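Structure file my_file17.cif (mmCIF, N, CA and C atoms; chains and numbers go by the auth columns) is printed below.
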```cif
data_start
#
loop_
_atom_site.group_PDB
_atom_site.id
_atom_site.type_symbol
_atom_site.label_atom_id
_atom_site.label_comp_id
_atom_site.label_asym_id
_atom_site.label_seq_id
_atom_site.Cartn_x
_atom_site.Cartn_y
_atom_site.Cartn_z
_atom_site.B_iso_or_equiv
_atom_site.auth_seq_id
_atom_site.auth_asym_id
ATOM 1 N N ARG A 1 3.502 10.797 3.754 0.00 266 A
ATOM 2 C CA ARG A 1 4.560 11.381 2.953 0.00 266 A
ATOM 3 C C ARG A 1 4.071 11.878 1.597 0.00 266 A
ATOM 4 N N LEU A 2 3.144 11.140 0.984 0.00 267 A
ATOM 5 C CA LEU A 2 2.603 11.560 -0.301 0.00 267 A
ATOM 6 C C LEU A 2 1.728 12.800 -0.128 0.00 267 A
ATOM 7 N N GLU A 3 0.917 12.813 0.935 0.00 268 A
ATOM 8 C CA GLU A 3 0.050 13.951 1.195 0.00 268 A
ATOM 9 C C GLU A 3 0.866 15.209 1.460 0.00 268 A
ATOM 10 N N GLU A 4 1.961 15.056 2.214 0.00 269 A
ATOM 11 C CA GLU A 4 2.844 16.185 2.472 0.00 269 A
ATOM 12 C C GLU A 4 3.430 16.717 1.171 0.00 269 A
ATOM 13 N N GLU A 5 3.794 15.822 0.250 0.00 270 A
ATOM 14 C CA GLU A 5 4.272 16.277 -1.051 0.00 270 A
ATOM 15 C C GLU A 5 3.137 16.976 -1.788 0.00 270 A
ATOM 16 N N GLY A 6 1.931 16.429 -1.653 0.00 271 A
ATOM 17 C CA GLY A 6 0.742 17.005 -2.267 0.00 271 A
ATOM 18 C C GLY A 6 0.535 18.454 -1.829 0.00 271 A
ATOM 19 N N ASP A 7 0.910 18.771 -0.596 0.00 272 A
ATOM 20 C CA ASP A 7 0.801 20.139 -0.114 0.00 272 A
ATOM 21 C C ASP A 7 1.950 21.005 -0.632 0.00 272 A
ATOM 22 N N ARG A 8 3.153 20.436 -0.683 0.00 273 A
ATOM 23 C CA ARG A 8 4.339 21.186 -1.106 0.00 273 A
ATOM 24 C C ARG A 8 4.287 21.554 -2.586 0.00 273 A
ATOM 25 N N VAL A 9 3.669 20.687 -3.388 0.00 274 A
ATOM 26 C CA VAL A 9 3.513 20.945 -4.815 0.00 274 A
ATOM 27 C C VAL A 9 2.514 22.063 -5.092 0.00 274 A
ATOM 28 N N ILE A 10 1.761 22.448 -4.070 0.00 275 A
ATOM 29 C CA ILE A 10 0.843 23.566 -4.172 0.00 275 A
ATOM 30 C C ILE A 10 1.466 24.797 -3.521 0.00 275 A
ATOM 31 N N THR A 11 2.101 24.580 -2.374 0.00 276 A
ATOM 32 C CA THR A 11 2.631 25.648 -1.545 0.00 276 A
ATOM 33 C C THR A 11 3.723 26.455 -2.244 0.00 276 A
ATOM 34 N N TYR A 12 4.654 25.782 -2.923 0.00 277 A
ATOM 35 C CA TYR A 12 5.746 26.510 -3.549 0.00 277 A
ATOM 36 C C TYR A 12 6.222 25.977 -4.907 0.00 277 A
ATOM 37 N N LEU A 13 6.074 24.682 -5.166 0.00 278 A
ATOM 38 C CA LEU A 13 6.541 24.138 -6.444 0.00 278 A
ATOM 39 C C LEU A 13 5.506 24.374 -7.528 0.00 278 A
ATOM 40 N N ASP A 14 5.940 24.323 -8.778 0.00 279 A
ATOM 41 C CA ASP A 14 4.995 24.309 -9.878 0.00 279 A
ATOM 42 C C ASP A 14 4.277 22.968 -9.860 0.00 279 A
ATOM 43 N N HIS A 15 2.960 23.001 -9.693 0.00 280 A
ATOM 44 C CA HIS A 15 2.174 21.802 -9.430 0.00 280 A
ATOM 45 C C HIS A 15 2.206 20.803 -10.576 0.00 280 A
ATOM 46 N N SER A 16 2.635 21.243 -11.753 0.00 281 A
ATOM 47 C CA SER A 16 2.727 20.340 -12.895 0.00 281 A
ATOM 48 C C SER A 16 3.820 19.295 -12.666 0.00 281 A
ATOM 49 N N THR A 17 4.700 19.567 -11.703 0.00 282 A
ATOM 50 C CA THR A 17 5.785 18.666 -11.334 0.00 282 A
ATOM 51 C C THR A 17 5.275 17.548 -10.427 0.00 282 A
ATOM 52 N N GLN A 18 4.066 17.731 -9.897 0.00 283 A
ATOM 53 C CA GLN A 18 3.492 16.807 -8.933 0.00 283 A
ATOM 54 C C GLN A 18 3.388 15.395 -9.468 0.00 283 A
ATOM 55 N N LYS A 19 3.039 15.254 -10.740 0.00 284 A
ATOM 56 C CA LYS A 19 2.782 13.934 -11.292 0.00 284 A
ATOM 57 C C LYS A 19 3.948 12.958 -11.091 0.00 284 A
ATOM 58 N N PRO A 20 5.172 13.269 -11.554 0.00 285 A
ATOM 59 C CA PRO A 20 6.342 12.435 -11.371 0.00 285 A
ATOM 60 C C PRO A 20 6.810 12.360 -9.924 0.00 285 A
ATOM 61 N N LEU A 21 6.512 13.376 -9.113 0.00 286 A
ATOM 62 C CA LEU A 21 6.962 13.301 -7.730 0.00 286 A
ATOM 63 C C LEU A 21 6.103 12.356 -6.912 0.00 286 A
ATOM 64 N N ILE A 22 4.788 12.445 -7.077 0.00 287 A
ATOM 65 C CA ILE A 22 3.900 11.612 -6.282 0.00 287 A
ATOM 66 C C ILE A 22 3.932 10.188 -6.798 0.00 287 A
ATOM 67 N N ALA A 23 4.150 10.028 -8.104 0.00 288 A
ATOM 68 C CA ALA A 23 4.324 8.703 -8.660 0.00 288 A
ATOM 69 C C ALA A 23 5.546 8.046 -8.040 0.00 288 A
ATOM 70 N N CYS A 24 6.618 8.823 -7.875 0.00 289 A
ATOM 71 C CA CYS A 24 7.831 8.312 -7.256 0.00 289 A
ATOM 72 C C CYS A 24 7.641 8.045 -5.769 0.00 289 A
ATOM 73 N N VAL A 25 6.823 8.856 -5.098 0.00 290 A
ATOM 74 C CA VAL A 25 6.581 8.613 -3.682 0.00 290 A
ATOM 75 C C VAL A 25 5.879 7.280 -3.486 0.00 290 A
ATOM 76 N N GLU A 26 4.830 7.026 -4.259 0.00 291 A
ATOM 77 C CA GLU A 26 4.113 5.776 -4.074 0.00 291 A
ATOM 78 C C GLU A 26 4.953 4.591 -4.525 0.00 291 A
ATOM 79 N N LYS A 27 5.672 4.746 -5.631 0.00 292 A
ATOM 80 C CA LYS A 27 6.517 3.664 -6.108 0.00 292 A
ATOM 81 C C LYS A 27 7.587 3.308 -5.084 0.00 292 A
ATOM 82 N N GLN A 28 8.190 4.319 -4.463 0.00 293 A
ATOM 83 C CA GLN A 28 9.261 4.088 -3.505 0.00 293 A
ATOM 84 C C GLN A 28 8.774 3.673 -2.120 0.00 293 A
ATOM 85 N N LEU A 29 7.599 4.151 -1.710 0.00 294 A
ATOM 86 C CA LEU A 29 7.145 3.863 -0.353 0.00 294 A
ATOM 87 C C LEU A 29 6.168 2.682 -0.292 0.00 294 A
ATOM 88 N N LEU A 30 5.410 2.456 -1.360 0.00 295 A
ATOM 89 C CA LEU A 30 4.422 1.379 -1.380 0.00 295 A
ATOM 90 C C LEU A 30 4.819 0.271 -2.349 0.00 295 A
ATOM 91 N N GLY A 31 5.185 0.655 -3.568 0.00 296 A
ATOM 92 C CA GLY A 31 5.486 -0.304 -4.628 0.00 296 A
ATOM 93 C C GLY A 31 6.645 -1.221 -4.255 0.00 296 A
ATOM 94 N N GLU A 32 7.768 -0.612 -3.894 0.00 297 A
ATOM 95 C CA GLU A 32 8.977 -1.349 -3.534 0.00 297 A
ATOM 96 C C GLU A 32 8.771 -2.197 -2.287 0.00 297 A
ATOM 97 N N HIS A 33 7.795 -1.824 -1.473 0.00 298 A
ATOM 98 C CA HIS A 33 7.550 -2.494 -0.208 0.00 298 A
ATOM 99 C C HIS A 33 6.247 -3.287 -0.199 0.00 298 A
ATOM 100 N N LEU A 34 5.685 -3.562 -1.378 0.00 299 A
ATOM 101 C CA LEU A 34 4.420 -4.300 -1.439 0.00 299 A
ATOM 102 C C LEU A 34 4.466 -5.585 -0.640 0.00 299 A
ATOM 103 N N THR A 35 5.431 -6.440 -0.946 0.00 300 A
ATOM 104 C CA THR A 35 5.473 -7.753 -0.333 0.00 300 A
ATOM 105 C C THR A 35 6.088 -7.701 1.055 0.00 300 A
ATOM 106 N N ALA A 36 6.903 -6.681 1.311 0.00 301 A
ATOM 107 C CA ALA A 36 7.486 -6.519 2.637 0.00 301 A
ATOM 108 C C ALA A 36 6.393 -6.238 3.660 0.00 301 A
ATOM 109 N N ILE A 37 5.435 -5.403 3.273 0.00 302 A
ATOM 110 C CA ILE A 37 4.343 -5.026 4.159 0.00 302 A
ATOM 111 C C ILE A 37 3.341 -6.162 4.296 0.00 302 A
ATOM 112 N N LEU A 38 2.985 -6.789 3.176 0.00 303 A
ATOM 113 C CA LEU A 38 2.012 -7.869 3.206 0.00 303 A
ATOM 114 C C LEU A 38 2.512 -9.044 4.036 0.00 303 A
ATOM 115 N N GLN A 39 3.781 -9.407 3.847 0.00 304 A
ATOM 116 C CA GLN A 39 4.349 -10.545 4.558 0.00 304 A
ATOM 117 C C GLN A 39 4.460 -10.292 6.054 0.00 304 A
ATOM 118 N N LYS A 40 4.781 -9.061 6.431 0.00 305 A
ATOM 119 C CA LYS A 40 4.951 -8.727 7.838 0.00 305 A
ATOM 120 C C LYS A 40 3.633 -8.455 8.556 0.00 305 A
ATOM 121 N N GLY A 41 2.668 -7.859 7.858 0.00 306 A
ATOM 122 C CA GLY A 41 1.460 -7.405 8.534 0.00 306 A
ATOM 123 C C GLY A 41 0.189 -8.208 8.254 0.00 306 A
ATOM 124 N N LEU A 42 0.025 -8.737 7.045 0.00 307 A
ATOM 125 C CA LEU A 42 -1.282 -9.270 6.679 0.00 307 A
ATOM 126 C C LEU A 42 -1.653 -10.537 7.442 0.00 307 A
ATOM 127 N N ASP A 43 -0.701 -11.450 7.626 0.00 308 A
ATOM 128 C CA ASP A 43 -1.027 -12.722 8.275 0.00 308 A
ATOM 129 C C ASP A 43 -1.535 -12.492 9.692 0.00 308 A
ATOM 130 N N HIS A 44 -0.921 -11.539 10.382 0.00 309 A
ATOM 131 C CA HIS A 44 -1.328 -11.163 11.727 0.00 309 A
ATOM 132 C C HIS A 44 -2.725 -10.566 11.736 0.00 309 A
ATOM 133 N N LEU A 45 -2.943 -9.600 10.852 0.00 310 A
ATOM 134 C CA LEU A 45 -4.200 -8.879 10.816 0.00 310 A
ATOM 135 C C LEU A 45 -5.352 -9.808 10.466 0.00 310 A
ATOM 136 N N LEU A 46 -5.103 -10.764 9.573 0.00 311 A
ATOM 137 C CA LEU A 46 -6.143 -11.708 9.193 0.00 311 A
ATOM 138 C C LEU A 46 -6.520 -12.598 10.368 0.00 311 A
ATOM 139 N N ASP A 47 -5.522 -13.039 11.131 0.00 312 A
ATOM 140 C CA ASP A 47 -5.778 -13.936 12.249 0.00 312 A
ATOM 141 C C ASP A 47 -6.555 -13.243 13.367 0.00 312 A
ATOM 142 N N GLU A 48 -6.265 -11.963 13.581 0.00 313 A
ATOM 143 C CA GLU A 48 -6.936 -11.186 14.617 0.00 313 A
ATOM 144 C C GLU A 48 -8.203 -10.514 14.096 0.00 313 A
ATOM 145 N N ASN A 49 -8.485 -10.696 12.808 0.00 314 A
ATOM 146 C CA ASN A 49 -9.602 -10.031 12.149 0.00 314 A
ATOM 147 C C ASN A 49 -9.558 -8.529 12.395 0.00 314 A
ATOM 148 N N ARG A 50 -8.376 -7.941 12.239 0.00 315 A
ATOM 149 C CA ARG A 50 -8.224 -6.508 12.430 0.00 315 A
ATOM 150 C C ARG A 50 -8.700 -5.760 11.200 0.00 315 A
ATOM 151 N N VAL A 51 -10.018 -5.689 11.077 0.00 316 A
ATOM 152 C CA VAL A 51 -10.692 -5.186 9.893 0.00 316 A
ATOM 153 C C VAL A 51 -10.248 -3.793 9.428 0.00 316 A
ATOM 154 N N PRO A 52 -10.139 -2.782 10.309 0.00 317 A
ATOM 155 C CA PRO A 52 -9.723 -1.431 9.968 0.00 317 A
ATOM 156 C C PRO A 52 -8.383 -1.397 9.230 0.00 317 A
ATOM 157 N N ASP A 53 -7.482 -2.314 9.586 0.00 318 A
ATOM 158 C CA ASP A 53 -6.151 -2.328 8.998 0.00 318 A
ATOM 159 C C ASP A 53 -6.144 -3.165 7.736 0.00 318 A
ATOM 160 N N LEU A 54 -6.965 -4.206 7.728 0.00 319 A
ATOM 161 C CA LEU A 54 -7.107 -5.044 6.554 0.00 319 A
ATOM 162 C C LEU A 54 -7.749 -4.234 5.442 0.00 319 A
ATOM 163 N N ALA A 55 -8.697 -3.375 5.820 0.00 320 A
ATOM 164 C CA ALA A 55 -9.380 -2.518 4.866 0.00 320 A
ATOM 165 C C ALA A 55 -8.405 -1.551 4.227 0.00 320 A
ATOM 166 N N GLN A 56 -7.508 -0.984 5.035 0.00 321 A
ATOM 167 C CA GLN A 56 -6.520 -0.070 4.488 0.00 321 A
ATOM 168 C C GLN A 56 -5.615 -0.789 3.507 0.00 321 A
ATOM 169 N N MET A 57 -5.162 -1.987 3.869 0.00 322 A
ATOM 170 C CA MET A 57 -4.255 -2.723 3.001 0.00 322 A
ATOM 171 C C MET A 57 -4.909 -3.091 1.682 0.00 322 A
ATOM 172 N N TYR A 58 -6.158 -3.535 1.730 0.00 323 A
ATOM 173 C CA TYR A 58 -6.867 -3.845 0.498 0.00 323 A
ATOM 174 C C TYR A 58 -6.974 -2.616 -0.394 0.00 323 A
ATOM 175 N N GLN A 59 -7.377 -1.495 0.198 0.00 324 A
ATOM 176 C CA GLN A 59 -7.608 -0.260 -0.539 0.00 324 A
ATOM 177 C C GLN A 59 -6.327 0.356 -1.104 0.00 324 A
ATOM 178 N N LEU A 60 -5.249 0.330 -0.318 0.00 325 A
ATOM 179 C CA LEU A 60 -3.996 0.960 -0.728 0.00 325 A
ATOM 180 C C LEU A 60 -3.237 0.115 -1.734 0.00 325 A
ATOM 181 N N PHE A 61 -3.273 -1.198 -1.561 0.00 326 A
ATOM 182 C CA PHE A 61 -2.585 -2.080 -2.482 0.00 326 A
ATOM 183 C C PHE A 61 -3.488 -2.354 -3.674 0.00 326 A
ATOM 184 N N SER A 62 -3.674 -1.325 -4.495 0.00 327 A
ATOM 185 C CA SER A 62 -4.572 -1.390 -5.638 0.00 327 A
ATOM 186 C C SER A 62 -4.075 -0.559 -6.827 0.00 327 A
ATOM 187 N N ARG A 63 -2.831 -0.082 -6.765 0.00 328 A
ATOM 188 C CA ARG A 63 -2.328 0.822 -7.798 0.00 328 A
ATOM 189 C C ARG A 63 -1.023 0.376 -8.454 0.00 328 A
ATOM 190 N N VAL A 64 0.100 0.868 -7.928 0.00 329 A
ATOM 191 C CA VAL A 64 1.397 0.785 -8.604 0.00 329 A
ATOM 192 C C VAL A 64 1.825 -0.637 -8.951 0.00 329 A
ATOM 193 N N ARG A 65 1.614 -1.567 -8.034 0.00 330 A
ATOM 194 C CA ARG A 65 1.998 -2.952 -8.259 0.00 330 A
ATOM 195 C C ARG A 65 0.793 -3.867 -8.392 0.00 330 A
ATOM 196 N N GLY A 66 -0.380 -3.285 -8.616 0.00 331 A
ATOM 197 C CA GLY A 66 -1.607 -4.069 -8.687 0.00 331 A
ATOM 198 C C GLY A 66 -2.134 -4.354 -7.288 0.00 331 A
ATOM 199 N N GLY A 67 -1.285 -4.960 -6.457 0.00 332 A
ATOM 200 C CA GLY A 67 -1.587 -5.193 -5.046 0.00 332 A
ATOM 201 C C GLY A 67 -2.444 -6.430 -4.833 0.00 332 A
ATOM 202 N N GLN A 68 -3.528 -6.509 -5.590 0.00 333 A
ATOM 203 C CA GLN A 68 -4.404 -7.663 -5.552 0.00 333 A
ATOM 204 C C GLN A 68 -3.634 -8.855 -6.080 0.00 333 A
ATOM 205 N N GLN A 69 -4.083 -10.053 -5.727 0.00 334 A
ATOM 206 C CA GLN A 69 -3.374 -11.293 -6.048 0.00 334 A
ATOM 207 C C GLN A 69 -2.257 -11.537 -5.031 0.00 334 A
ATOM 208 N N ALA A 70 -1.389 -10.548 -4.831 0.00 335 A
ATOM 209 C CA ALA A 70 -0.410 -10.636 -3.748 0.00 335 A
ATOM 210 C C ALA A 70 -1.133 -10.739 -2.402 0.00 335 A
ATOM 211 N N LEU A 71 -2.200 -9.949 -2.253 0.00 336 A
ATOM 212 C CA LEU A 71 -3.073 -10.026 -1.085 0.00 336 A
ATOM 213 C C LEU A 71 -3.753 -11.387 -1.011 0.00 336 A
ATOM 214 N N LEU A 72 -4.144 -11.894 -2.177 0.00 337 A
ATOM 215 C CA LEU A 72 -4.873 -13.150 -2.295 0.00 337 A
ATOM 216 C C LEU A 72 -4.005 -14.330 -1.892 0.00 337 A
ATOM 217 N N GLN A 73 -2.723 -14.272 -2.243 0.00 338 A
ATOM 218 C CA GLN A 73 -1.815 -15.376 -1.970 0.00 338 A
ATOM 219 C C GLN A 73 -1.569 -15.564 -0.483 0.00 338 A
ATOM 220 N N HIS A 74 -1.346 -14.474 0.245 0.00 339 A
ATOM 221 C CA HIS A 74 -1.114 -14.608 1.678 0.00 339 A
ATOM 222 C C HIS A 74 -2.403 -14.999 2.380 0.00 339 A
ATOM 223 N N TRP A 75 -3.504 -14.436 1.903 0.00 340 A
ATOM 224 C CA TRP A 75 -4.823 -14.732 2.425 0.00 340 A
ATOM 225 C C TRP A 75 -5.171 -16.208 2.242 0.00 340 A
ATOM 226 N N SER A 76 -4.919 -16.738 1.045 0.00 341 A
ATOM 227 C CA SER A 76 -5.198 -18.135 0.747 0.00 341 A
ATOM 228 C C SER A 76 -4.369 -19.071 1.617 0.00 341 A
ATOM 229 N N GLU A 77 -3.089 -18.739 1.801 0.00 342 A
ATOM 230 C CA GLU A 77 -2.210 -19.572 2.612 0.00 342 A
ATOM 231 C C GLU A 77 -2.728 -19.670 4.037 0.00 342 A
ATOM 232 N N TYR A 78 -3.212 -18.548 4.572 0.00 343 A
ATOM 233 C CA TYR A 78 -3.807 -18.535 5.901 0.00 343 A
ATOM 234 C C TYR A 78 -4.964 -19.519 5.975 0.00 343 A
ATOM 235 N N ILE A 79 -5.864 -19.442 5.004 0.00 344 A
ATOM 236 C CA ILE A 79 -7.070 -20.253 5.054 0.00 344 A
ATOM 237 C C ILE A 79 -6.763 -21.729 5.001 0.00 344 A
ATOM 238 N N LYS A 80 -5.914 -22.123 4.061 0.00 345 A
ATOM 239 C CA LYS A 80 -5.593 -23.527 3.894 0.00 345 A
ATOM 240 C C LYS A 80 -4.850 -24.069 5.102 0.00 345 A
ATOM 241 N N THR A 81 -3.949 -23.268 5.663 0.00 346 A
ATOM 242 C CA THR A 81 -3.174 -23.709 6.815 0.00 346 A
ATOM 243 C C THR A 81 -4.075 -23.978 8.014 0.00 346 A
ATOM 244 N N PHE A 82 -4.952 -23.024 8.307 0.00 347 A
ATOM 245 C CA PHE A 82 -5.818 -23.107 9.470 0.00 347 A
ATOM 246 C C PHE A 82 -6.970 -24.076 9.255 0.00 347 A
#
```
Would you mind writing the file out in structure tokens?
Amino acid sequence: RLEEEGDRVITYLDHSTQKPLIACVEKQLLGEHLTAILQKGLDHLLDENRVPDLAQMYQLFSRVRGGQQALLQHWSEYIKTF
């Protein structure tokens, strides 16, 4: 969704508008859902060692809400439990 906006801000909009639009895309699609995604997906991926998906989560959860630490908490709980 962000990439599609990235194209639309070039295709027809004045690209100077891109900053607040893409900031809003990530805030609304990733930021607001930081813990929703981590809680639903990370525990599973860690147990199955689904590296390709774990890599994406680590890399993507690094901006709007920090992402790190939240990743650490679910990760730590897995380790101690098992």
Nearby residues (only C-alpha atoms) at most 12 Å from region 286-298 of chain A, same-chain spacing under 6 positions excluded, as a count of residues only: 25
For CA of residue 334 (chain A) and CA of residue 283 (chain A), the interatomic separation in Å (one decimal):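 The value is 29.1 Å.
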d(CA of residue 341 (chain A), CA of residue 314 (chain A)) in Å: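 These atoms are spaced 14.7 Å apart.
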Selection result of the PyMOL selection byres (((chain A and resi 319 and name CA) around 10) and name CA) on this file, as a count of residues only: 18
Helix (DSSP H, G or I) positions in chain A, given as number ranges by chain: A: 267-276, 280-296, 299-313, 316-325, 335-346
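Atom N of residue 312 (chain A) sits 18.3 Å away from CA of residue 299 (chain A).
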